[PDB]
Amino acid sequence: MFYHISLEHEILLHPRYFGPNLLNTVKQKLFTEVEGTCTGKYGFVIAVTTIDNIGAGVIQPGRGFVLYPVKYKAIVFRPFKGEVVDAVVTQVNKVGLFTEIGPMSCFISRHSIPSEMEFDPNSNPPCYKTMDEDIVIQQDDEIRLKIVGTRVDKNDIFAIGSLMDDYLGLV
């Protein structure tokens, strides 16, 4: 799911690097440190929408750089167990379906695919189809999945999906 939320982030800067215009520097440093990052707590930080406020620089004897607290609005992507999303299939394998939802990867275990969808390695582009050739899922197809679990390995989140429920699958 995509959200527009308010996040915080601290920018540390020694005087030497304030640049001709500090506010701009703080702002340019922020975009660079947060955009593209991901956390388990908020998920993928897609982009910084707005910088609400730049707090008064903090000078605590001991540090030689100043800490500028920053409040900003961002677009984040945070999947949840139980959420239904449209995904793009990136690869068909005998092990399952590798898809991609925006910046997050999602794996559909073959074990989580209805039984009518036999696997066909011999098919031109490998695929999953009904013996009826009626419904066919292959690379680059858009499918609907229900996210069964999420994981966070090295600040990056990925999910596991299923096609077991009604109204899921080929779109």
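Counting begins at 1, following the sequence as shown.
The PDB entry reports B-factors from which the mean C-alpha value can be compared for 154-162 and 5-13; the larger average falls on 154-162. Averaged over Cα atoms, the B-factor as recorded in the entry is higher for 118-126 than for the other of 105-113 and 118-126. In the deposited coordinates, the residue among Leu145, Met131, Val70, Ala47 with the greatest CA B-factor is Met131. Residue-level inspection of the entry shows that, of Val34, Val66, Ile54, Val136, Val136 has the top Cα B-factor.
Residue-level temperature factors show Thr39 in the lowest third of its chain, judged at the C-alpha atom. Ranked by Cα temperature factor within the chain, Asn24 sits in the middle third according to the deposited record.
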